[PDB]
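Heads up: the structure comes next, in structure tokens.
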Amino acid sequence: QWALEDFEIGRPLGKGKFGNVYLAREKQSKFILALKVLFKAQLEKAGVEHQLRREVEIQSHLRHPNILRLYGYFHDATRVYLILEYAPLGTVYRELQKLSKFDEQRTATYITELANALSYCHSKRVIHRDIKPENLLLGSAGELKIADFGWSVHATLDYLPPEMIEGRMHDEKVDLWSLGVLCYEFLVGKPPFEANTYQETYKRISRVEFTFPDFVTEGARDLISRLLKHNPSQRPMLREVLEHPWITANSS
Ligand SMILES: Cc1nn(C)cc1-c1nc2c(-c3cnn(Cc4ccccc4)c3)c(Cl)cnc2[nH]1
């Protein structure tokens, strides 16, 4: 029986649609962790109880150095608390906008981290689907740790694949797309399909319309091209990515 006053709540780490996340310390052990607080009301209202059960049930039974651990859960009358591992070095999201953009070496590292983490998820038939820089956290060693399985399951739209947005059947190849989009954003500082309008982005994703800035190598260009295909099955397995020369050359 875990309950709210077993923890002391620190600065608010993230804000969210439904709930927030704070730094927290369990009193008995002095254990630092992140503590997601969700609001029953808003969840019921948007009817996502199932997806929360999913997230929890999925992230709870996952073991990998690049996947934010989920230690436990509990809830009171009004809210639900998710007890999570804490990422000292923050989010890649801020990391990017802070650094403007990433070199090929950092980029290719973060990708192999993801690809590893994703292989794993797929090796358990789990599609994250919602992979974006505000879901990628940095460990104390600066390692990438994916998180927020609020849209995870089994076999804004910038990071969604066409099949998804059009309302069609999808699979592990979803993450491959995201891996693509993500790789592009690291190098360029902006997602390939970004746009002022929703339905404008939709079109660009649907028609697959992107164009590399001058400063991206044929190598990078390559990977990204192979990775962003309208046809899910044209997209490389994760093994293929991991051994993509440009990644080999520069990953670490
Ligand atoms: C931000 C930030 N700066 N520094 C130095 C560390 C962090 C940090 N954030 C986290 C976080 C964290 C934050 N946001 N989110 C996602 C979210 C937020 C609000 C509602 C729903 C989902 C996770 C976590 Cl879980 C786990 N560890 C974290 N560490």
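Throughout the sequence shown, residue numbering follows the deposited numbering, covering 127 to 281, 292 to 388 in sequence. We put the CB at the ideal spot given by N, CA and C, even for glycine.
Length-filtered (4 minimum) alpha helix (DSSP H) runs lying within the segment 156–203: 166–172, 175–186
Classify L323 as helix, strand or coil using the three-state DSSP reduction. helix
Taking the straight line between their C-alpha atoms, what separation do you get for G173 and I257? 22 Å
Apart from the five residues just before and just after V344, which ones in its own chain have a Cβ nearer than 6 Å to its Cβ? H366
Got a sec: does ligand 1 put a non-hydrogen atom nearer than 8 Å to the Cβ of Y212? yes
Sufficient close CB pairs (3 or more, under 8 Å) joining the segment 242–255 to the segment 306–326: yes
Is it the case that the Cβ atoms of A273 and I193 are separated by a distance below 9 Å? yes
Kindly list the residues whose CB is nearer than 6 Å to the CB of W128, restricted to its own chain and excluding five residues on each side of it in sequence; keep chain order. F200
If you measure from the CB of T217, is any heavy atom of ligand 1 nearer than 8 Å? yes
Identify which residue in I158, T235, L215, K326 has its Cα closest to the Cα of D294. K326
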